[PDB]
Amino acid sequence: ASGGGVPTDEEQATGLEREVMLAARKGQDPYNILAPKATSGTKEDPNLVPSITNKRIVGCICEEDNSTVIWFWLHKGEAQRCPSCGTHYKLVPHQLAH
């Protein structure tokens, strides 16, 4: 009616697919599939922006449903603010030798 013989993804996925599947099982998102959830964005509680290099582009949708996104480079160091709404972001570099 039924038997086996078909590999599973656990058995046979490879390469990036396998990395994404193993990371997800750990609740981790090294390949940026999910949208990060904002913090309150104050200077004490900045949005923490991970990166593998010294700077990353941020898009800030300052209020819900704005159609305009405000884009800027966030660099390693002191938190920076969105130039439209002032909400704070801080770069958290490093790894993928992760």
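Don't overthink the numbering: it's just position in the shown sequence, from 1.
Taking only CA atoms, the mean B-factor in the PDB entry is higher for 39-47 than for the other of 52-60 and 39-47. Looking at mean Cα B-factors across 65-73 and 30-38, the upper value is held by 30-38. Split the chain's modelled residues into thirds by C-alpha temperature factor. Residue 22 is in the highest one. Ranked against the other modelled residues of its chain, the C-alpha B-factor of residue 78 as given in the entry falls in the highest third.
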